[PDB]
Number of protein chains: 2
Amino acid sequence: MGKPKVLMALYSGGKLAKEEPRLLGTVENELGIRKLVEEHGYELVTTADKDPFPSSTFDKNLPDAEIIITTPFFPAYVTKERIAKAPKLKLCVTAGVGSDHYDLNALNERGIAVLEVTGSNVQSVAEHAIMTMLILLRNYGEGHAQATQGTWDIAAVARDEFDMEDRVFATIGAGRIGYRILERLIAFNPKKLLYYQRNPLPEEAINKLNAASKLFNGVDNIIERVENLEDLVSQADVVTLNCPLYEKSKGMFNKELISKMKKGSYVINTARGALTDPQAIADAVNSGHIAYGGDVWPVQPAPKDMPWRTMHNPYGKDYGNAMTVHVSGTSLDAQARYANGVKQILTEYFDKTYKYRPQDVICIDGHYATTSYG
Amino acid sequence: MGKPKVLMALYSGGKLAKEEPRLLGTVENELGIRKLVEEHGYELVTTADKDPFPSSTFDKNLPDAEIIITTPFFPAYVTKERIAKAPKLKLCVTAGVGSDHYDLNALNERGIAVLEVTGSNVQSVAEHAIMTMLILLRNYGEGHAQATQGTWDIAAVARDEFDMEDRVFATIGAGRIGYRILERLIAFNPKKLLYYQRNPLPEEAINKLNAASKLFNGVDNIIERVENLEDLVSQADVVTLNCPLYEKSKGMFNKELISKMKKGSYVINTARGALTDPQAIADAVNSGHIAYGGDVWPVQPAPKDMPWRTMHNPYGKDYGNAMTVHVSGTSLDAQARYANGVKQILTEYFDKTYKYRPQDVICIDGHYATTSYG
Ligand SMILES: NC(=O)c1ccc[n+]([C@@H]2O[C@H](COP(=O)([O-])OP(=O)(O)OC[C@H]3O[C@@H](n4cnc5c(N)ncnc54)[C@H](OP(=O)(O)O)[C@@H]3O)[C@@H](O)[C@H]2O)c1
Ligand SMILES: NC(=O)c1ccc[n+]([C@@H]2O[C@H](COP(=O)([O-])OP(=O)(O)OC[C@H]3O[C@@H](n4cnc5c(N)ncnc54)[C@H](OP(=O)(O)O)[C@@H]3O)[C@@H](O)[C@H]2O)c1
């Protein structure tokens, strides 16, 4: 019978966040939304203590949580069991983009509204995917290692060092992030750009890439839709995952699909870790069939023993692994965007106007409100 | 009174090169030019033993060297002293691009011709410079470290993690590589692109970037020439070096010029290591004033104790250092290009037609033949 609770789970930044106000996505700085939440008579409970269910600080504040705020880089998994003891939950907001860590179906069954700050990090992840591509293709790991450990073995680096130019790049998903990856690839003079999704790209999108290809490289018709998944990964040197975890996309990048790729190919996954068969990825990196890079993991924070943390090609420890901890969507520039985004969503809710941006809505009124989840 | 000698100094790749025929830039594979050299009655002496002067295999074969072939990634320093005991030297060819390791003035005084495979690696280095930018700005080092050493400290990565978008990129040199860096930056939505050289860019080059800016980002007039060097580095978040080591460019990026940059700026140098004051770079990285990345060093191979091998920002060992061993110009795709390039230069010379590509000529007939050196 207390005040209504806003329960927010973010990662902790300690003294770093206390001295860097731009680290808004931290428990310390609370996205800057404390004044607003208290202006409207709500109790703001912010915590980084999100696991051991059901003993966490997060779990213990579920019974009076009206609004739940999470963040994908350090995500409180809002499962059916947890939704079942949050009886007055009305709204879930993701501080960022990516809401697979909710049980969206159980939330619909309760009429729960689910919002994201769609578009706050689309450019940031696209930069991360391009960086990953460049790091793997050009063998930055061994090139940096040679400089770090005092030697000068040019041939060890160059033996696995390829240009981006004249490679074939394929993307599973040409949405906001996927398409933005294609855009930044054009000036690298690819041999061909492939894409695979359930609907064909718009025309002016195909025309924009072809126009860019013509201006930069004098090449035309560089983009092409492949409709068979095995056919897409067979033709490509580099495949990026830029689609969502939507149930039948569970584990789609499995042992068989990896086997259909050329030996020495590259897999980038800044989308969702669970799109892959995680051990099949590790097997294929450690065998040298592929190199792998990305920042999303199947379980976050990732276990110490997670096989992706020690994957490498046979050539050496610094060959073929460009993993990072989940950071692309939470650069300082991105954090400013989605902190302001969470503030606008809460303002609309508190003022009881609910004039949300429609692209921000993931679930509402008991139904999905987007193709990005299901 | 033996046959005339072709003296070639390349790096060694051992069993790697013996099993990878694409490693043409190695002693093992000899650029594929042995048949041609012997077809014309020449003795091909290939060696990776290039230092201790005057005792090296390289030095000991100078007295009968007619053609000298070097490579910048592992360069035999053809100094005045060494030219003085190569009395029948006629031609020096660089297996790649970058000929600062010759004494070009002493070669002119002898009428020595000096050739490069201009353009063989322009795209490869531009990819390396962009990769370096992305690695430093986005804090890949700590992001990769966190994943490697079993932890999950999101805030440590994000505290120094910025987007490429809305940053100001400045290039010292808008030649083939510099301009190609600008081209690949456009789709990253920069705030502004600056450049600094002795002559203004052509018009259709300015128009190509502005056209690309308009198509991708809806922005116009994105390129701008700055004429004061301190003024260029004051305004920029990222400055790339893409000009040559031409005597008064010796040590230009010194303590003072670094001090004029904003704290937390970035310096990329895929050009020549000696463009910088090397210890001033180390001082400014270790103090955190800048981050630094690149693959060229003042002395190659770099000493074990070279300060750039252990530079890092105060935040940690994996902050602010993106050094690699000199590899960008020697990717497998690049090696195929400049091995064929060295073959054409030798064909023209052996057939005594000398129909060299004019862009390949660095010195000839006692004079410089390019603005890229002097
Ligand atoms: N690493 C990070 O920090 C970070 C940050 C934000 C987001 N993300 C991840 O990136 C993902 C999407 O990014 P976004 O916001 O750009 O998504 P988006 O804008 O919704 O675009 C997704 C695209 O993927 C396509 N797609 C959907 N299901 C597919 C399937 N099964 N196979 C192939 N293509 C499919 C969709 O087209 P059709 O509907 O026509 O198939 C759509 O065009 C999110 O799910 C999230 O997991 C990561
Ligand atoms: N890392 C690698 O593997 C690798 C491979 C190849 C080359 N490189 C390096 O990259 C350098 C050049 O690359 P490139 O082949 O693209 O050269 P380039 O085509 O000759 O272009 C050089 C540009 O720099 C400008 N410039 C010359 N001197 C300058 C100065 N003092 N200050 C500012 N700008 C100046 C020139 O314009 P103005 O004459 O109008 O000033 C010219 O436009 C080479 O010197 C080499 O050291 C590295």
# chains A, B, ... in the order shown; residues from 1 in each chain; ligands from 1

$ interface_residues --of "chain B" --to "chain A" --cutoff "6 Å" --atoms "only C-alpha atoms" --output "PyMOL selection string"
chain B and resi 13+124+131+134+143-144+147-148+150+155+158+161-163+184+187+304+309+323-325+331-332

$ residues_near_ligand --ligand "ligand 2" --cutoff "7 Å" --atoms "only C-alpha atoms and all ligand atoms" --output "PyMOL selection string"
chain B and resi 73+96-98+118-119+121-122+125+172-178+196-200+242-246+249+270-272+295-296+326-330+371-372

$ write_last_selection --atoms "N, CA and C atoms" --output "mmCIF file, in the first residue's frame"
data_model
loop_
_atom_site.group_PDB
_atom_site.id
_atom_site.type_symbol
_atom_site.label_atom_id
_atom_site.label_comp_id
_atom_site.auth_asym_id
_atom_site.auth_seq_id
_atom_site.Cartn_x
_atom_site.Cartn_y
_atom_site.Cartn_z
ATOM 1 N N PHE B 73 57.599 -3.320 -45.742
ATOM 2 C CA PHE B 73 57.231 -3.990 -44.499
ATOM 3 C C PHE B 73 58.434 -4.604 -43.795
ATOM 4 N N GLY B 96 55.948 -2.956 -53.454
ATOM 5 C CA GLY B 96 54.907 -2.291 -52.697
ATOM 6 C C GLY B 96 54.899 -0.797 -52.945
ATOM 7 N N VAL B 97 54.535 -0.017 -51.930
ATOM 8 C CA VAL B 97 54.470 1.437 -52.038
ATOM 9 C C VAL B 97 55.128 2.035 -50.803
ATOM 10 N N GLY B 98 56.000 3.016 -51.014
ATOM 11 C CA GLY B 98 56.726 3.641 -49.927
ATOM 12 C C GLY B 98 58.214 3.386 -50.037
ATOM 13 N N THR B 118 53.069 1.982 -57.458
ATOM 14 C CA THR B 118 52.074 2.974 -57.062
ATOM 15 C C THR B 118 50.655 2.462 -57.265
ATOM 16 N N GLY B 119 49.843 2.569 -56.215
ATOM 17 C CA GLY B 119 48.445 2.205 -56.284
ATOM 18 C C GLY B 119 48.124 0.765 -55.950
ATOM 19 N N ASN B 121 48.346 -0.787 -53.134
ATOM 20 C CA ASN B 121 47.803 -0.976 -51.794
ATOM 21 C C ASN B 121 46.977 0.204 -51.292
ATOM 22 N N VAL B 122 46.576 1.130 -52.167
ATOM 23 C CA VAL B 122 45.889 2.337 -51.704
ATOM 24 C C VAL B 122 44.592 1.981 -50.987
ATOM 25 N N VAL B 125 45.425 0.117 -47.349
ATOM 26 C CA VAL B 125 45.789 0.995 -46.244
ATOM 27 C C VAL B 125 44.586 1.812 -45.787
ATOM 28 N N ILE B 172 45.926 14.783 -42.980
ATOM 29 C CA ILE B 172 47.117 15.480 -43.468
ATOM 30 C C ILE B 172 47.553 14.725 -44.719
ATOM 31 N N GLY B 173 47.067 15.185 -45.868
ATOM 32 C CA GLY B 173 47.298 14.501 -47.122
ATOM 33 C C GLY B 173 46.029 13.887 -47.678
ATOM 34 N N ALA B 174 45.594 14.379 -48.833
ATOM 35 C CA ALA B 174 44.403 13.899 -49.522
ATOM 36 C C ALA B 174 44.774 13.280 -50.863
ATOM 37 N N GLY B 175 45.871 12.528 -50.887
ATOM 38 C CA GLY B 175 46.282 11.794 -52.068
ATOM 39 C C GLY B 175 45.438 10.556 -52.274
ATOM 40 N N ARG B 176 46.042 9.540 -52.897
ATOM 41 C CA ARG B 176 45.285 8.341 -53.246
ATOM 42 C C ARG B 176 44.731 7.655 -52.005
ATOM 43 N N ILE B 177 45.523 7.593 -50.937
ATOM 44 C CA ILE B 177 45.088 6.918 -49.719
ATOM 45 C C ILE B 177 44.229 7.842 -48.866
ATOM 46 N N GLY B 178 44.716 9.062 -48.618
ATOM 47 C CA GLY B 178 43.940 10.028 -47.853
ATOM 48 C C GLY B 178 42.534 10.215 -48.384
ATOM 49 N N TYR B 196 44.427 18.869 -45.324
ATOM 50 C CA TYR B 196 45.540 19.813 -45.297
ATOM 51 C C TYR B 196 46.646 19.275 -46.192
ATOM 52 N N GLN B 197 46.908 19.968 -47.296
ATOM 53 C CA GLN B 197 48.083 19.703 -48.110
ATOM 54 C C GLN B 197 48.520 21.005 -48.768
ATOM 55 N N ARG B 198 49.580 20.916 -49.569
ATOM 56 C CA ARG B 198 50.182 22.107 -50.154
ATOM 57 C C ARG B 198 49.382 22.637 -51.340
ATOM 58 N N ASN B 199 48.626 21.778 -52.020
ATOM 59 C CA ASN B 199 47.783 22.193 -53.128
ATOM 60 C C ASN B 199 46.321 21.877 -52.833
ATOM 61 N N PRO B 200 45.389 22.684 -53.330
ATOM 62 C CA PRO B 200 43.971 22.374 -53.119
ATOM 63 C C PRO B 200 43.529 21.191 -53.966
ATOM 64 N N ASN B 242 48.592 10.951 -43.955
ATOM 65 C CA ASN B 242 48.559 10.296 -45.258
ATOM 66 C C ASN B 242 49.386 11.110 -46.248
ATOM 67 N N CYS B 243 50.585 11.454 -45.823
ATOM 68 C CA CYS B 243 51.474 12.262 -46.620
ATOM 69 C C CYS B 243 52.838 11.596 -46.555
ATOM 70 N N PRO B 244 53.820 12.123 -47.283
ATOM 71 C CA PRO B 244 55.103 11.425 -47.163
ATOM 72 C C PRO B 244 56.221 12.024 -46.332
ATOM 73 N N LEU B 245 57.218 11.202 -46.014
ATOM 74 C CA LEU B 245 58.369 11.660 -45.247
ATOM 75 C C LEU B 245 59.269 12.421 -46.177
ATOM 76 N N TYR B 246 59.106 13.724 -46.226
ATOM 77 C CA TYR B 246 59.837 14.509 -47.181
ATOM 78 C C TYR B 246 60.686 15.598 -46.535
ATOM 79 N N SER B 249 58.857 17.388 -43.395
ATOM 80 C CA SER B 249 57.844 16.616 -42.692
ATOM 81 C C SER B 249 58.446 15.699 -41.626
ATOM 82 N N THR B 270 48.938 5.529 -40.724
ATOM 83 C CA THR B 270 49.323 4.462 -41.630
ATOM 84 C C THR B 270 50.285 4.949 -42.705
ATOM 85 N N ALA B 271 50.868 6.135 -42.527
ATOM 86 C CA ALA B 271 51.738 6.710 -43.542
ATOM 87 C C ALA B 271 53.174 6.285 -43.275
ATOM 88 N N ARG B 272 53.937 7.105 -42.546
ATOM 89 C CA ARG B 272 55.312 6.799 -42.155
ATOM 90 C C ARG B 272 55.502 7.152 -40.688
ATOM 91 N N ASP B 295 50.281 1.271 -38.385
ATOM 92 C CA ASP B 295 51.112 0.105 -38.633
ATOM 93 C C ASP B 295 52.534 0.431 -39.070
ATOM 94 N N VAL B 296 52.872 1.696 -39.274
ATOM 95 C CA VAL B 296 54.210 2.077 -39.714
ATOM 96 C C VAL B 296 55.003 2.572 -38.515
ATOM 97 N N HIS B 326 53.801 -3.790 -39.382
ATOM 98 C CA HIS B 326 53.541 -3.175 -40.688
ATOM 99 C C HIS B 326 53.002 -4.219 -41.659
ATOM 100 N N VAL B 327 51.681 -4.233 -41.845
ATOM 101 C CA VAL B 327 51.032 -5.290 -42.617
ATOM 102 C C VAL B 327 50.011 -4.784 -43.624
ATOM 103 N N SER B 328 49.507 -3.549 -43.520
ATOM 104 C CA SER B 328 48.334 -3.155 -44.301
ATOM 105 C C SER B 328 48.579 -3.303 -45.799
ATOM 106 N N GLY B 329 49.714 -2.806 -46.279
ATOM 107 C CA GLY B 329 50.056 -2.911 -47.684
ATOM 108 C C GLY B 329 50.399 -4.302 -48.177
ATOM 109 N N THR B 330 50.442 -5.309 -47.301
ATOM 110 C CA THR B 330 50.891 -6.643 -47.689
ATOM 111 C C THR B 330 49.836 -7.712 -47.411
ATOM 112 N N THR B 371 55.928 14.218 -56.668
ATOM 113 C CA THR B 371 55.799 15.072 -55.497
ATOM 114 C C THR B 371 55.780 14.280 -54.198
ATOM 115 N N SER B 372 55.668 12.954 -54.275
ATOM 116 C CA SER B 372 55.599 12.099 -53.098
ATOM 117 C C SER B 372 56.935 11.937 -52.387
#

$ residues_around --residues "residue 343 in chain B" --least-positions-apart "4" --cutoff "10 Å" --atoms "only C-alpha atoms" --output "short mmCIF file (atom, residue, chain, number, x, y, z; two decimals) with N, CA and C atoms, in the first residue's frame"
data_model
loop_
_atom_site.label_atom_id
_atom_site.label_comp_id
_atom_site.auth_asym_id
_atom_site.auth_seq_id
_atom_site.Cartn_x
_atom_site.Cartn_y
_atom_site.Cartn_z
N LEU B 31 58.28 -13.32 -55.17
CA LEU B 31 57.38 -12.53 -56.02
C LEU B 31 57.08 -13.19 -57.36
N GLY B 32 57.53 -14.43 -57.56
CA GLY B 32 57.31 -15.10 -58.83
C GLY B 32 58.16 -14.60 -59.97
N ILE B 33 59.27 -13.92 -59.68
CA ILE B 33 60.07 -13.24 -60.70
C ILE B 33 61.38 -13.97 -60.99
N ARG B 34 61.54 -15.21 -60.53
CA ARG B 34 62.82 -15.89 -60.73
C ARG B 34 63.00 -16.30 -62.19
N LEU B 36 61.75 -14.97 -64.92
CA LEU B 36 62.04 -13.79 -65.73
C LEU B 36 63.49 -13.34 -65.54
N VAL B 37 63.95 -13.28 -64.29
CA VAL B 37 65.30 -12.79 -64.01
C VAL B 37 66.34 -13.71 -64.63
N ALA B 95 58.93 -3.44 -53.75
CA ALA B 95 57.84 -4.41 -53.82
C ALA B 95 56.72 -3.90 -52.92
N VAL B 117 55.37 0.26 -57.06
CA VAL B 117 54.12 -0.20 -57.65
C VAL B 117 53.00 0.69 -57.12
N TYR B 338 51.22 -6.06 -56.22
CA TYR B 338 52.55 -5.47 -56.36
C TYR B 338 53.61 -6.49 -56.76
N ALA B 339 53.32 -7.79 -56.69
CA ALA B 339 54.23 -8.76 -57.28
C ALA B 339 54.15 -8.72 -58.80
N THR B 347 60.30 -6.51 -66.57
CA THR B 347 60.15 -6.81 -67.99
C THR B 347 60.55 -5.62 -68.85
N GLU B 348 60.01 -4.44 -68.55
CA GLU B 348 60.37 -3.23 -69.28
C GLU B 348 61.88 -2.98 -69.24
N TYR B 349 62.51 -3.26 -68.09
CA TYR B 349 63.94 -3.00 -67.95
C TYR B 349 64.76 -4.04 -68.72
#

$ select_by_dssp --residues "range 159-293 of chain A" --states "helix (DSSP H, G or I)" --output "VMD selection string"
chain A and resid 176 to 188 203 to 217 229 to 235 255 to 259 273 to 275 278 to 286

$ atom_distance --atom1 "CA of residue 193 in chain B" --atom2 "CA of residue 170 in chain B"
5.8 Å

$ atom_distance --atom1 "atom 6 (C, counted along the ligand's line) of ligand 1" --atom2 "CA of residue 342 in chain A"
14.7 Å

$ select_by_dssp --residues "range 239-358 of chain B" --states "strand (DSSP E or B)" --output "ChimeraX atom specification"
/B:239-241,253,265-269,276,290-294,321-323

$ write_last_selection --atoms "C-alpha atoms" --output "mmCIF file, in the first residue's frame"
data_model
loop_
_atom_site.group_PDB
_atom_site.id
_atom_site.type_symbol
_atom_site.label_atom_id
_atom_site.label_comp_id
_atom_site.auth_asym_id
_atom_site.auth_seq_id
_atom_site.Cartn_x
_atom_site.Cartn_y
_atom_site.Cartn_z
ATOM 1 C CA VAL B 239 43.542 13.210 -37.586
ATOM 2 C CA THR B 240 45.076 10.770 -40.072
ATOM 3 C CA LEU B 241 48.569 11.069 -41.531
ATOM 4 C CA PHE B 253 53.838 15.736 -35.395
ATOM 5 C CA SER B 265 41.585 13.036 -29.472
ATOM 6 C CA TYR B 266 42.812 10.321 -31.839
ATOM 7 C CA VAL B 267 45.839 10.071 -34.131
ATOM 8 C CA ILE B 268 46.000 7.517 -36.950
ATOM 9 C CA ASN B 269 49.242 7.070 -38.883
ATOM 10 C CA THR B 276 55.935 11.878 -35.722
ATOM 11 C CA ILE B 290 45.469 11.151 -27.267
ATOM 12 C CA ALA B 291 44.972 7.625 -28.517
ATOM 13 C CA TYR B 292 47.242 6.378 -31.287
ATOM 14 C CA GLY B 293 47.066 3.682 -33.937
ATOM 15 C CA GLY B 294 48.785 2.657 -37.122
ATOM 16 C CA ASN B 321 46.749 1.683 -28.372
ATOM 17 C CA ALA B 322 45.865 0.182 -31.760
ATOM 18 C CA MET B 323 49.367 -0.468 -33.066
#

$ closest_residue --among "A:213, A:120, A:70, A:279" --to "ligand 1" --atoms "only C-alpha atoms and all ligand atoms"
A:120

$ closest_residue --among "A:373, A:42, A:354, A:368" --to "ligand 1" --atoms "only C-alpha atoms and all ligand atoms"
A:373

$ residues_around --residues "range 104-113 of chain A" --least-positions-apart "5" --cutoff "7 Å" --atoms "only C-alpha atoms" --output "JSON, numbers by chain"
{"A": [80, 90, 91, 92, 363, 364, 365, 366, 367]}

$ closest_residue --among "A:261, A:129, A:89, A:233" --to "ligand 1" --atoms "only C-alpha atoms and all ligand atoms"
A:129

$ residues_around --residues "residue 192 in chain B" --least-positions-apart "3" --cutoff "9 Å" --atoms "only C-alpha atoms" --output "JSON, numbers by chain"
{"B": [166, 167, 168, 169, 170, 189, 221, 222, 223, 224, 236]}

$ residues_around --residues "range 45-62 of chain A" --least-positions-apart "4" --cutoff "8 Å" --atoms "only C-alpha atoms" --output "JSON, numbers by chain"
{"A": [5, 6, 7, 8, 9, 10, 11, 12, 27, 30, 75, 76, 82, 85, 86]}

$ write_last_selection --atoms "N, CA, C and O atoms" --output "short mmCIF file (atom, residue, chain, number, x, y, z; two decimals), in the first residue's frame"
data_model
loop_
_atom_site.label_atom_id
_atom_site.label_comp_id
_atom_site.auth_asym_id
_atom_site.auth_seq_id
_atom_site.Cartn_x
_atom_site.Cartn_y
_atom_site.Cartn_z
N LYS A 5 5.74 1.77 -7.68
CA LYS A 5 7.18 1.57 -7.83
C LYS A 5 7.57 1.53 -9.30
O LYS A 5 6.92 0.86 -10.10
N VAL A 6 8.64 2.25 -9.64
CA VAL A 6 9.36 2.06 -10.89
C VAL A 6 10.61 1.25 -10.57
O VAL A 6 11.48 1.70 -9.82
N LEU A 7 10.69 0.05 -11.14
CA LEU A 7 11.79 -0.88 -10.86
C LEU A 7 12.71 -0.91 -12.08
O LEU A 7 12.33 -1.40 -13.14
N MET A 8 13.93 -0.39 -11.91
CA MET A 8 14.88 -0.22 -13.00
C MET A 8 16.13 -1.05 -12.72
O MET A 8 16.73 -0.93 -11.65
N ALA A 9 16.52 -1.88 -13.69
CA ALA A 9 17.72 -2.70 -13.60
C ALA A 9 18.72 -2.26 -14.66
O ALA A 9 18.47 -2.44 -15.86
N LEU A 10 19.83 -1.68 -14.22
CA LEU A 10 20.91 -1.24 -15.10
C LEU A 10 22.22 -1.83 -14.60
O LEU A 10 22.31 -2.36 -13.49
N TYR A 11 23.26 -1.75 -15.43
CA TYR A 11 24.57 -2.14 -14.95
C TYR A 11 25.17 -1.03 -14.10
O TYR A 11 24.79 0.14 -14.19
N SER A 12 26.12 -1.41 -13.25
CA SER A 12 26.76 -0.48 -12.33
C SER A 12 28.08 0.01 -12.91
O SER A 12 28.81 -0.74 -13.56
N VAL A 27 23.34 2.44 -12.97
CA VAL A 27 22.63 2.58 -11.69
C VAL A 27 22.96 3.93 -11.05
O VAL A 27 22.08 4.59 -10.48
N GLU A 30 21.13 6.68 -13.37
CA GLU A 30 19.68 6.44 -13.41
C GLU A 30 19.00 7.06 -14.63
O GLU A 30 17.82 7.42 -14.56
N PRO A 75 20.88 -7.38 -18.76
CA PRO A 75 19.42 -7.45 -18.80
C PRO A 75 18.79 -8.29 -17.70
O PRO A 75 19.13 -9.46 -17.51
N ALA A 76 17.85 -7.69 -16.97
CA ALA A 76 16.98 -8.46 -16.09
C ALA A 76 15.99 -9.25 -16.93
O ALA A 76 15.20 -8.67 -17.68
N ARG A 82 8.50 -14.46 -13.24
CA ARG A 82 8.64 -13.15 -12.60
C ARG A 82 7.45 -12.26 -12.89
O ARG A 82 7.01 -11.50 -12.02
N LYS A 85 4.66 -12.79 -10.45
CA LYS A 85 4.47 -12.14 -9.16
C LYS A 85 4.71 -10.64 -9.20
O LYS A 85 5.21 -10.08 -8.22
N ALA A 86 4.41 -10.00 -10.34
CA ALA A 86 4.38 -8.55 -10.48
C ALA A 86 2.93 -8.22 -10.83
O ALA A 86 2.61 -7.94 -11.99
#
